[PDB]
Amino acid sequence: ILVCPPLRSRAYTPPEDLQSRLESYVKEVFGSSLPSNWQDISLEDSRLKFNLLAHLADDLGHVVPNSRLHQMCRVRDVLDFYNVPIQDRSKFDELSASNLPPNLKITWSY
Amino acid sequence: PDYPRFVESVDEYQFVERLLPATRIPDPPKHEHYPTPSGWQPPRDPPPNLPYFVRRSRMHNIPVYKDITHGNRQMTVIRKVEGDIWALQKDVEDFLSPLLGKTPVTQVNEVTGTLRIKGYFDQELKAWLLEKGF
Amino acid sequence: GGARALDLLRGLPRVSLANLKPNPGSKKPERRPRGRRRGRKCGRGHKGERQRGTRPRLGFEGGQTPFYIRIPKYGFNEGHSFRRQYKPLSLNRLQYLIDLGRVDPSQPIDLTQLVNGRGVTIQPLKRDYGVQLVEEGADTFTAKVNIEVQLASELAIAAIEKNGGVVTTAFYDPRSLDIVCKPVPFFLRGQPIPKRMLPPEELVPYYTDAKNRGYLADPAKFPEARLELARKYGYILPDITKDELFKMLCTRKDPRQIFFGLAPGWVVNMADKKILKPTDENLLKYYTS
Amino acid sequence: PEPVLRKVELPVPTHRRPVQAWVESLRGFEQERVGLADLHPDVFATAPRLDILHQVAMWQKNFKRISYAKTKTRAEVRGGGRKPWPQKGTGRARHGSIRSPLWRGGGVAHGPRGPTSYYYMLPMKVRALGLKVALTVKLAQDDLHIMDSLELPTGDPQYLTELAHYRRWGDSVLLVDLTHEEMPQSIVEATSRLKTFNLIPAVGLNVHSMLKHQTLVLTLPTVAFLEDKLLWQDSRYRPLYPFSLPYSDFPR
Amino acid sequence: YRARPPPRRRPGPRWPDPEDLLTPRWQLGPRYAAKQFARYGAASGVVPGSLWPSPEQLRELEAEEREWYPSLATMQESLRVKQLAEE
Amino acid sequence: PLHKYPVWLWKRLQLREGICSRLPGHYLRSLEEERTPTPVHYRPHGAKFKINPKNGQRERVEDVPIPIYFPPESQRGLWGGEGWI
Amino acid sequence: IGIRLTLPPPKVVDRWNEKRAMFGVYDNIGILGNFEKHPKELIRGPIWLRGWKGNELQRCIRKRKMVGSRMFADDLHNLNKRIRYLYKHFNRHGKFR
Ligand SMILES: [K+]
Ligand SMILES: [K+]
Ligand SMILES: [K+]
Ligand SMILES: [Mg+2]
Ligand SMILES: [Mg+2]
Ligand SMILES: [Mg+2]
Ligand SMILES: [Mg+2]
Ligand SMILES: [Mg+2]
Ligand SMILES: [Mg+2]
Ligand SMILES: [Mg+2]
Ligand SMILES: [Mg+2]
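The sections below set out a description of the structure shown in this document.

How each quantity is defined
- Summary of conventions: residues on each chain are numbered from 1 in written sequence order, possibly unlike the entry numbering, and any residue without coordinates is omitted from what is shown.
- Following the order in which they are written, the chains are lettered starting with A and the ligands numbered starting with 1.
- Taken together, the chains in view make up part of a larger assembly, and the values describe this part alone.
- The side-chain numbers reported here are obtained from all heavy atoms of the structure, hydrogens and water having been left aside.
- Labels follow the DSSP assignment, with helices taken as runs of H or I lasting at least four residues and strands as runs of E lasting at least two, numbered in each case from the N terminus.
- In this treatment the radius of gyration is a C-alpha quantity, and the globule benchmark scales as 2.2 Å times the residue count to the 0.38 power.
- Burial classification: accessible surface area is computed with a 1.4 Å probe over protein chains only, and a residue below 20% of its type maximum counts as buried, one above 50% as exposed, and the rest as partly exposed.
- Working rule for contacts: check all heavy atoms of both residues, and any pair within 4.5 Å makes them a contact.
- Per-residue accessibility takes into account occlusion by the displayed protein chains alone, with areas from the Shrake-Rupley method and a 1.4 Å probe.
- We treat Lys and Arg as the positive residues and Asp and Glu as the negative residues; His and chain ends play no part in the count.
- To locate a charge, take NZ of a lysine, CZ of an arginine, CG of an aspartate or CD of a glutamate.
- Each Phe, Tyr or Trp ring, with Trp reduced to its six-membered ring, pairs with another whose centre is within 6.5 Å; inter-plane angles below 30 degrees give stacked pairs, above 60 give edge-to-face pairs, and intermediate values give tilted ones.
- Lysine NZ or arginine CZ positioned within 6 Å of the ring centre and within 35 degrees of the ring normal marks a charge as sitting over the ring.
- Here a strand pair is declared whenever DSSP counts at least two bridges between the two strands.
- For helices, the fitted axis covers only the stretch in contact; all axes are lines through C-alpha atoms, and the angles between them, taken along N-to-C directions, range from 0 to 180 degrees.
- Grouping into patches uses exposed residues only, defined as over 30% relative accessible area, and leaves out salt-bridged ones; the cut-off is 9 Å for like charges and 5 Å for nonpolar side chains (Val, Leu, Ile, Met, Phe, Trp, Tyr).
- Just to be clear on terms, a salt bridge is a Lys or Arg side-chain nitrogen sitting within 4 Å of an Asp or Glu carboxyl oxygen.
- Think of a nonpolar core as a cluster: buried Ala, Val, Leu, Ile, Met, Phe, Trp, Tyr and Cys residues, connected wherever their side-chain atoms sit within 4.5 Å.
- Buried surface area refers to the total accessible area, computed with a probe of radius 1.4 Å, that the two partners give up upon joining, counted for both partners together.
- The term polar contact refers here to a pair of N or O atoms within 3.5 Å; inside protein, the definition further demands a hydrogen-donor-capable atom paired with an acceptor-capable atom, and it admits residues adjacent in sequence only when both atoms are side-chain atoms.

## A word on the overall build of chain E
Along chain E, the regular secondary structure elements total three helices and zero strands. Helices and strands appear in chain E in the N-to-C order α-α-α. Taking 87 residues into account, the globule formula puts the C-alpha radius of gyration at 12 Å, and chain E, at 24 Å, lies well above it. With the C-alpha coordinates aligned to their principal axes, the bounding extent of chain E is approximately 90 × 35 × 25 Å. Burial analysis of chain E (87 residues in total) assigns 29% to the buried set. Of the contacts made within chain E by residues no fewer than 6 positions apart, 27% connect residues no fewer than 24 positions apart. Accessible surface computed for chain E: about 6200 Å², of which carbon and sulfur atoms make up 53%. The average position of the 14 basic charges and that of the 12 acidic charges among the side chains of chain E differ by 20 Å.

## Considerations on the packing of aromatic side chains
Think of a pair of aromatic rings as described by two things: how far the centres are apart, and how the planes are tilted against each other in angle. All names here are of chain D. Counted according to the given criterion, the structure contains 33 aromatic pairs over all chains. Here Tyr 241 and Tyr 247 contribute two aromatic rings whose centre-to-centre distance is 4.5 Å and whose plane-to-plane angle is 15 degrees, an arrangement assigned as stacked. Consider the rings of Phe 243 and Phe 250, whose centres lie 6.0 Å apart with planes at 65 degrees: the pair is edge-to-face. One exposure class covers both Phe 243 and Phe 250, and it is buried. If you follow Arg 65 out to its NZ or CZ, it ends over the ring of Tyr 118, 4.2 Å from the centre. The ring of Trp 85 has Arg 92 sitting right over it, with the charged end atom 4.1 Å from the ring centre.

## Some words on the sheet that holds strand β2 (residues 19-24) of chain D
All names here are of chain D. Spatially, seven strands are ordered β1-β3-β2-β6-β9-β7-β8 in an open sheet, and the strand pairing comes out mixed. Single-partner strands in this sheet number two, and they are β1 (4-6) and β8 (197-201). Each strand axis lies, on average, 30 degrees off the axis of its neighbour in the sheet, ignoring direction. In this sheet, strand β9 (residues 215-219) lies alongside strand β6 (residues 144-147) in parallel orientation, the contact comprising four bridges. For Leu 144, the partnering residue across the bridge sits in β9 and is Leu 216. Contacts from helix α5 (residues 185-192) reach β7 (173-177) and β8 within the one sheet, and its direction differs from that of β8 by about 135 degrees.

## Observations regarding a positive patch on the surface
Residues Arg64(G), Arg84(G), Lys88(G) and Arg92(G) make up a contiguous surface patch of positive charge. Here the positive patch takes three residues from helix α3 (residues 73-92) of chain G, the largest share from any one element.

## Topic: the nonpolar core
Membership of the largest hydrophobic core comes to 122 residues, with the highest contact counts inside it found for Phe187(C), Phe44(D), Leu135(D), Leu205(D) and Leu218(D). When residues of this core are assigned to their parent elements, the largest contribution, nine residues, is made by helix α3 (residues 124-140) of chain D. Listed in part, the 25 residues of the second largest apolar core include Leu56(A), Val64(A), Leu69(A) and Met72(A).

## Some points on the pairing of strand β2 (residues 128-133) of chain C
All names here are of chain C. Both strand β1 (residues 85-89) and β2 contribute to a ladder of four bridges, which runs parallel. Counted as the bridge partner of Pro 88 is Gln 132 from β2. In this sheet, strand β4 (residues 151-152) lies alongside β2 in parallel orientation, the contact comprising two bridges. Directly across from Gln 132, in β4, lies its bridge partner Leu 151.

## Observations regarding unusual backbone geometry
Residue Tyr34(B) is joined to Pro35(B) through a cis peptide bond whose omega torsion reads 0 degrees. Along the chain, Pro35(B) falls in the loop between α1 (13-19) and β2 (52-54). Cis rather than trans, the peptide bond between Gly114(D) and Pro115(D) has omega equal to 0 degrees. Here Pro115(D) shows up in the loop between β4 (66-67) and β5 (116-117). In the Ramachandran plot, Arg33(D) falls in the positive-phi region, its phi being about 55 degrees despite a non-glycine side chain. By secondary structure assignment, the location of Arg33(D) is in the loop between β2 and β3 (35-39). A positive phi is found at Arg252(D), a non-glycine position, where the angle reads about 50 degrees.

## Observations concerning the environment of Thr38(F)
All names here are of chain F. With respect to the helices, strands and loops of the structure, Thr 38 is situated in the loop between α3 (25-32) and β1 (49-52). On the basis of relative accessible area, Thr 38 is assigned to the exposed category, the value being 64%. Residues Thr 38 and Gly 81 lie 43 residues apart in sequence; the distance between their C-alpha atoms is 8.2 Å.

## Considering the interface of chain G and chain C
The partner chain C presents seven residues to the five residues of chain G that form the contact. Each partner contributes to the roughly 550 Å² buried at the junction of chain G and chain C, and carbon and sulfur atoms together form 46% of this total. A per-residue breakdown of the area chain G buries against chain C is headed by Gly94(G), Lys95(G) and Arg97(G), which together make up 85% of the total. At the boundary of chain G with chain C, the tally comes to zero salt bridges. Taken together, the links from chain G to chain C amount to five residue pairs in polar contact.

The structure is reproduced here in structure tokens:
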């Protein structure tokens, strides 16, 4: 019987070595023959873009959605996307984490 | 019931095939010289690098039309506009300012991607868009 | 533009059936006789025929002889349902179709080809008898065509023959016109192809005259008319015999024939892609007459 | 192991570029990113028309409605032929029948007169543009998922429910297959025992169902079929006779 | 749930029973048989020889055509006579 | 509600069951025969198409029979098709 | 008076039953099926009301024309009287002429 893996969290934290890892993956996929202006390398080839994005998703846990796949045409766009962080905290947790004055109380009946 | 003798043949069905009409609008045949004697000119390939783009109709014609309301209000409508319709409006106003002596009155419908202008300037707008290559 | 709209839509709640509204300005409010503004008399005035809903018919002037009766009768629309009509086919539009490729000039051009290319709209039920080739845009028309119409003007014929081609005026009865305009519906009726009826006695002189390029005129008189038109309009008649398209230009159907390459009495299947030809002597005699 | 790469068969306009979507598989929980598919911008990236979506949804709701409500008028209510009392001298109100709407048990002045039909038809181009806009909205809001096939390892609906929960497909999922006869038996059995997971053929795709279901799932043949059907409208001629009748280049 | 099979147009020729009184006459006339043959080819089970008119119908059509359609020579002669009278 | 067979077909339906079903076929065909009577009190046009003098156009013309009432006394005599008008 | 003193029983609507789940399916049958069938052919109801719309007078005329022979005597008489009344109202009464 196949067992469903636990639901992955949507939270994302951009790694400090993100640029180096992205450059390494670009060298692996597109080849290390021409690494000049790697951030300007086009992603026109469907196979190459699929390989790069799949490797990045497997490495970092974050995958580019369909609504943003069409925007990805150069490595710089992917770098900016992975630099953009993502949070997954609930609304009540966000309100509690935000600095609340001592006279403000919030209760969550849901 | 006696019936007349009939001969079945398949060679003559080519005429029926010729008579059969099609559904897809045929592409315009290539012409050595442009514009054509009827006055039609194909869109420029590649499309011009402008913030906005104007798409040809299904008949391969400029989507500039005229409209009349109340029997006295005459308007010109540019349709199938993709991109910066505000930039298109600015360009149209700049183009039509010398002709009218004042800033033209225009409405921009961004949901439908249409530009409406007070007055009849259909031929002038068609020539302008053809020159631009849309 | 579209990309910006899609980007805005991405960061918005999912589109469902609980957040749909009509386009503003497309739904006028409905007025009902309720309230102070629209109640009481309810927009009907005071006592009278107008408020009680029983007022004279349209055109009644209150007893005075009406304007639509006091004018003497004259013959304007008398016999309108029996007047034959012809849709105009301008040379500008014909050149437009040829340039766009909707009507190829390398084959004979007639009502079937025009309808297939959506150049004309023929309504046999509205007393239409075909297309008249008007002379609009004759100066700029430059196309070698073999055009078949029902009426043709002298200027249009001159333009066609100057550019090089054959223009012929043919007649169709209403039934033949319907069949030639929409052959596909006819072949689904399971009926043999009928014969093209002769023109009426009032139209025989038009189609038996060489000056009108009639399809029942003497072939030997065509060159005289063509040369006369060329002399009148100041162009040289081009000898089409030396042209490679001579057979296509001279391809003319029989006056008793509806479709090119098809004879009356044949039945098309359009399912087995086969044509059945009768061999009975009486049927052959009737159809070849 | 090889990626599933899908390209657009129909000619994309020169001034636009095809959009891109992931191609996943239903054979495993983590079998995402099996390939990449290119989608025609005029179908999956057209302008968002919420007004057109509303028009198409209202048309679907109202065009096949038949209202059977009916009431009896004073001419149909039983009795009431005679005058209840003389016109003058009684000292009471003057009446002509006992089945008048003013009377208890009488007729209805302006009641429903069913059966009533609310039939009307939007233009074919508008009805196709509604589907185009719905697909584009789903793609833009990331409610659309493309699959190589709908085959499941088992017919247990709980597996599909757990897979949807794992992949965050929301409460309602609408699976679309190319043909009804060739639907996999595993997915058929999985969907037959579920309520919020509905399997329909490509012919049955509609704006109402797409809006009702939070997530839409399409196959590659379904995407090709939809692209062809929706882009045929943008280039078809005006009809001379119904398209069910033979044409030179139709169907296909 | 799974949707019901899509509604498909009824395949094959239809031959309503002539014995039933509720069967419409246009579904029993020979024109119906001709239309079915034209639409469905030879699978309709209709003899193609019946499409062409019977000898009686042919004679009736010939008589009507002779009565209400003058020949070209007759029309030309009548036109000539009328022109001579007017002149 | 509605009937399945229309009212005018009820007599034909009754002629298909019961005692009427067992009647000989030739008599049933004779009853079903509805040949138009020879015109007596009206003059038929004699032609299917006629030219209308008002517009000079060919029009289809029909010969509508004149209703004829046959008194019961006529059933014991030979009136040759004549009857009260 | 005239208003209930107790709350009515709660009303539960099964938003995901078969009918509501499959509502609207096959609406684009002609568009997505080579126009073999028209969407109006899926409408079920009275024979005289199938892909047709009109006012009350037109509906009555259509019903009398199509199923008038099959109607009951009283129903047919009421339909005839209704048609007469509607004719008089729509051709002899009103505000706009
Ligand atoms: K008032
Ligand atoms: K007032
Ligand atoms: K009125
Ligand atoms: Mg307008
Ligand atoms: Mg009051
Ligand atoms: Mg007064
Ligand atoms: Mg008053
Ligand atoms: Mg009464
Ligand atoms: Mg009385
Ligand atoms: Mg009264
Ligand atoms: Mg009551």
